[PDB]
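Enquirer: Just need the structure, nothing else, for what follows:
(chains A and B, ligands or ions: 6)
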Number of protein chains: 2
Amino acid sequence: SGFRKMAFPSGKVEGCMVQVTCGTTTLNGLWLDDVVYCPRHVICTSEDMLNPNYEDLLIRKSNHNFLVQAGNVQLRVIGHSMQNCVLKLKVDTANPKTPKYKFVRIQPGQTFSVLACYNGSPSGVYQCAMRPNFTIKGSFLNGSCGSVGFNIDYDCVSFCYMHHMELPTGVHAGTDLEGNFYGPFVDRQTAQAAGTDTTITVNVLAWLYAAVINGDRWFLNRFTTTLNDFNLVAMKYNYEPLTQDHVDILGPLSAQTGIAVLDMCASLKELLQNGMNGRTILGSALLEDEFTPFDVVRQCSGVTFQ
Amino acid sequence: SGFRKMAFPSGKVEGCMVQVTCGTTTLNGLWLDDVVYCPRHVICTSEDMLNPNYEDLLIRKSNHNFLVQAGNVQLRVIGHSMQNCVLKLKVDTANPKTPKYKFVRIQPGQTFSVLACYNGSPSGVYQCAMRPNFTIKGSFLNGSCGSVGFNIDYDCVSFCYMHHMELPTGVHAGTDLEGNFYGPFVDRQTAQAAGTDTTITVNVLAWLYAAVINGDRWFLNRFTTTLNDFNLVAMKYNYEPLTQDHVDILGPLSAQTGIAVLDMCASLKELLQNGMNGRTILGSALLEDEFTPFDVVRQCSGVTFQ
Ligand SMILES: O=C1C[C@@H](C(=O)Nc2ccc(Cl)cn2)c2ccccc21
Ligand SMILES: O=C1C[C@@H](C(=O)Nc2ccc(Cl)cn2)c2ccccc21
Ligand code: NA
Ligand code: NA
Ligand code: NA
Ligand code: NA
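Expert: Numbering: from 1, shown residues only, chains lettered A, B, ... in the order given. Ligands and ions are numbered 1, 2, ... in the order given. The protein structure is shown below:
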């Protein structure tokens, strides 16, 4: 028992981190097979970042201008190409530590682990959600660009995120591993609007199930609701509308606890309208939305990786 | 910017986890050099756990009764000994993945990362504190015993915790790597009192500094206090008394922010007496005490490991 914001074990990803330097910019790269992936803004100078012409800046660079170091050891660059907002540096050595891996584009509301890195060296690991407005609320200082997000399924690492920028509002934006930003963002040092954000309702409900499984039960009430009634309350409180697909994903947790999904919605309605009256749920005084239903079952069932 | 509950990168520890089986009990072990360390209750049957005679149970076991597996591969056991509440199984092979390491006994209020494991395979990593009453509020299911806690300093892993038990109250107890419990606990399935717990005041103050560094400033006020005055408030709200040693440890954060430690104490006093009026600090609606002053500086300065 107990419920924590748990990250995936980071070792399979730590073996893939490298340092990339171009001119006077150092950031992180991801070395899989004979390719290093990194944010294309490694080729920018401080001036360049207000409105970079990436095609023109990259034409000034040759293979030998990209310095790639894997711990103590220098890699030899034999090709470079830009795909969307990422650079792909072909090197003459396959990474001997390459895990089984996939590149995935995650949906808003899904979770992943971030391995925060500086100068190609890991500093820490934490779990977060892709917000509905395609930002992440991370922990990233200058030099963290090229840090990656990921999920693991037994022995397979699914890379979903590469860090590119901190917006002036102090939230974070980045790409998939094909270099396509999540959300409307561009790799320019400019004020950039993020959507209105919303709370990930299906995740809050998953976490309430987690709370019940752990014996935190005070918020369970005598009430039920409908999808239509609940969703009127969701709109008022800037929660994502609940769909039958979300109900179906919550099926296993409903079966484990014997609490019908709409009964748990009625509990959440009362918590939205009345607050928590200075009480806590799983150590939190807020409704938590960074656990997916899959996360709660994995944590509550002791699933492992190799 | 941003502030997250960040764990240490787990790869150096993942290479050390093994499965240990004795009779019909499987749990985790830690393989460093030619020794595997694991909870001595691996030798207990379900009956045994109400009041085990560990000396008598271990006399019935020979080297060949301890099955130790490192991934797919079986290790050969050439000796066994009990040190306090841990078993040390000498094996005929040094772990080729052994990192630079130390065994440390941490103080209450210090933090560490836990690598939660089942059947010798890592499931997840999270950060927590040793509570003042020497429990931890973890996430541990049956089979997690022998999972370990640790800190990293560049290339050196300091192992501080081995998981042994879930108390009937659903909090967690374990030992240092010499097998000495933290707190009054014994490895028996019995109701066992934990102290009165208290909030780790120096950690709350560190986190308030973290909040200021990140621009969350609403709780800063016009007031100051004294150590004696603050500590009267600490007692009322079950906070650890603040000492000049704690003030000195907070020196760097005070210098970085230009907020005198006693001025930050006056902010914390007002938050204790008035609550947070439905506001948040670094995404939390509670005062957070699982970040040490060293944690806040490391996170806010991008310190890395290798
Ligand atoms: O989280 C981060 C990443 C880094 C950042 O935003 N850098 C960057 C670099 C190029 C362009 Cl075109 C835009 N932004 C940064 C600097 C200071 C603090 C945080 C962060
Ligand atoms: O966190 C844990 C560890 C495990 C546990 O307490 N097992 C154990 C085994 C032997 C003795 Cl003498 C006492 N306790 C457990 C079982 C169920 C749920 C959680 C946990
Ligand atoms: Na970029
Ligand atoms: Na983004
Ligand atoms: Na034990
Ligand atoms: Na303990």
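Enquirer: okay, CA-based contacts and neighbour counts for the rest of this
Expert: OK.
Enquirer: Contact partners for the residue in chain A positioned nearest to ligand 6?
Expert: Nearest residue of chain A to ligand 6 (Cα to the ion) works out as residue A:2 at 15.1 Å. Residue A:2 is in contact with A:214, A:282, B:137-140, B:170-171, counting by Cα atoms under 8 Å, 6 or more residues apart in numbering or on different chains.
Enquirer: what's the answer for residue A:86, then?
Expert: By Cα under 8 Å, 6+ apart, the neighbours of residue A:86 are A:37-40, A:177-179.
Enquirer: make it 7 Å
Expert: Residues in contact with residue A:86 (Cα atoms under 7 Å, 6 or more residues apart in numbering or on different chains) are A:37-40, A:178-179.
Enquirer: In this structure residue A:32 contacts residue A:96, no?
Expert: No. If you go by Cα atoms under 7 Å, residue A:32 and residue A:96 don't touch, sitting 8.9 Å apart.
Enquirer: quick one: which of those two has more around it?
Expert: residue A:32 (20 against 12; other Cα atoms under 10 Å in any protein chain shown).
Enquirer: sorry, back to before: take the contacts of residue A:86 and write them to JSON lines, including neighbour count and secondary structure.
Expert: Converted to JSON lines, the contacts of residue A:86 look like this (neighbours: other Cα atoms under 10 Å in any protein chain shown; DSSP: H, G, I helix; E, B strand; the rest coil):
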{"residue": "A:37", "neighbour count": "27", "secondary structure": "strand"}
{"residue": "A:38", "neighbour count": "30", "secondary structure": "strand"}
{"residue": "A:39", "neighbour count": "28", "secondary structure": "strand"}
{"residue": "A:40", "neighbour count": "22", "secondary structure": "helix"}
{"residue": "A:178", "neighbour count": "20", "secondary structure": "coil"}
{"residue": "A:179", "neighbour count": "22", "secondary structure": "coil"}
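Enquirer: Out of those residues, the closest to residue A:248 would be?
Expert: Among those, residue A:178 lies closest to residue A:248 (Cα to Cα), at 31.1 Å.
Enquirer: before we move on, back to that, export the contacts of residue A:86 to CSV and tack on distance to ligand 2?
Expert: CSV is the format used below for the contacts of residue A:86 (distance: Cα to the nearest ligand atom, whole Å):
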residue, distance to ligand 2
A:37, 40
A:38, 40
A:39, 42
A:40, 45
A:178, 41
A:179, 42
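Enquirer: Which two among these are spaced furthest apart?
Expert: Greatest spatial distance among the contacts of residue A:86 (Cα to Cα): A:40 and A:178, at 11.6 Å.
Enquirer: Report the separation between the residue in the stretch 201-306 of chain A positioned nearest to chain B and residue A:250.
Expert: Among all residues of the stretch 201-306 of chain A, residue A:304 sits closest to chain B, at 4.2 Å; criterion: Cα to the nearest Cα. Applying Cα to Cα, to the nearest Å, the value for residue A:304 to residue A:250 is 22 Å.
Enquirer: what do you get for residue A:218?
Expert: Computed as Cα to Cα, the residue A:218 to residue A:250 distance reads 20 Å.
Enquirer: Settle it for me: which of these two has more neighbours?
Expert: Ranked by neighbour count (other Cα under 10 Å), residue A:218 and residue A:250 place residue A:250 first, with 21 against 12.
Enquirer: Quick check on the more buried one: phi, psi?
Expert: phi -80, psi 0 (degrees, to the nearest 10).
Enquirer: which non-adjacent residue is nearest it?
Expert: Counting by Cα to Cα, 6 or more residues apart in numbering or on different chains, residue A:293 is the residue found nearest to residue A:250 once chain neighbours are left out, at 6.3 Å.
Enquirer: How many residues are close by that neighbour?
Expert: Residue A:293: 22 neighbours (other Cα under 10 Å).
Enquirer: secondary structure class for the spatially most central residue of chain A?
Expert: Nearest residue to the geometric centre of chain A (Cα atoms, centre = their mean): residue A:112, 4.4 Å. The three-state assignment at residue A:112 reads strand, by DSSP: H, G, I helix; E, B strand; the rest coil.
Enquirer: Also residue A:296?
Expert: Relying on three-state DSSP, one would call residue A:296 helix.
Enquirer: so it makes contact with residue A:208?
Expert: No. Look at residue A:296 against residue A:208 with Cα under 7 Å: they stay out of range, at 9.8 Å.
Enquirer: where along chain A do the helices fall?
Expert: A:11-14, A:54-59, A:201-213, A:227-236, A:244-249, A:251-257, A:261-274, A:293-301 (DSSP state H).
Enquirer: what's the first one in contact with?
Expert: With contact meaning Cα under 7 Å, 6+ apart, helix A:11-14 is reached by A:99, A:122, B:10-11, B:14.
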